[PDB]
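Let me begin by presenting the structure, written as structure tokens, before commenting on it.
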Amino acid sequence: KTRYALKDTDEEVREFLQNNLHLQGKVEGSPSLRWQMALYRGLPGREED
Amino acid sequence: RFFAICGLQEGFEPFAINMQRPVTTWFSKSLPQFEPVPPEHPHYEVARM
């Protein structure tokens, strides 16, 4: 969303996300993500692939 | 039963999401009791002579 605020096209944000894939949150470091991830993974059609 | 349908994606959390014991609840008991007359009671005033 910050990159879109800087007037970037859909290609610029994608390559920005490609080089920043390691900044996604960790479940252990956040208590909120603990139950959200458990609830998210309980959906029928969720595949780890 | 409906948190995922409406409320989960909007950023709302359950009121007791991370709590060990059930939330303590208080109820209005309809047993008359004697209590001191409030100093700011709209209708009743007590003067110490």
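Between a first residue in segment A:5-20 that is in contact (Cβ under 8 Å) with a residue 12 or more places away in the chain and surrounded by 12 or more Cβ atoms within 10 Å (Cβ to Cβ) and a second residue that is part of a helix (DSSP H, G or I) and not small (G, A, S), which pairs have beta carbons less than 8 Å apart while being 6 or more apart in sequence or on different chains?
Pairs that qualify, where the first residue is in contact (Cβ under 8 Å) with a residue 12 or more places away in the chain and surrounded by 12 or more Cβ atoms within 10 Å (Cβ to Cβ) and the partner is part of a helix (DSSP H, G or I) and not small (G, A, S), are A:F16/A:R3.
Check B:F3, B:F27, B:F34, B:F12 and return the single one that is in a loop (DSSP other than H, G, I, E, B), more than 18 Å from A:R41 (Cα to Cα) and within 14 Å of chain A (Cβ to nearest Cβ).
From the options B:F3, B:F27, B:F34, B:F12, the qualifying one is B:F12.
Can you list the helices (runs of 4 or more DSSP H) lying wholly within chain A that have 1 or more residues being within 14 Å of chain B (Cβ to nearest Cβ)?
A:32-41
In segment A:33-49, which residues are among the aliphatic types (A, V, I, L, M) and under 14 Å from the mean Cα position of the chain (by Cα)?
Passing the criteria: A:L33, A:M37.
Read the figures in this text as sums done on the coordinates, not as results from a lab. Backbone-built Cβ (ideal geometry, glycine too); neighbour counts: all protein chains shown.
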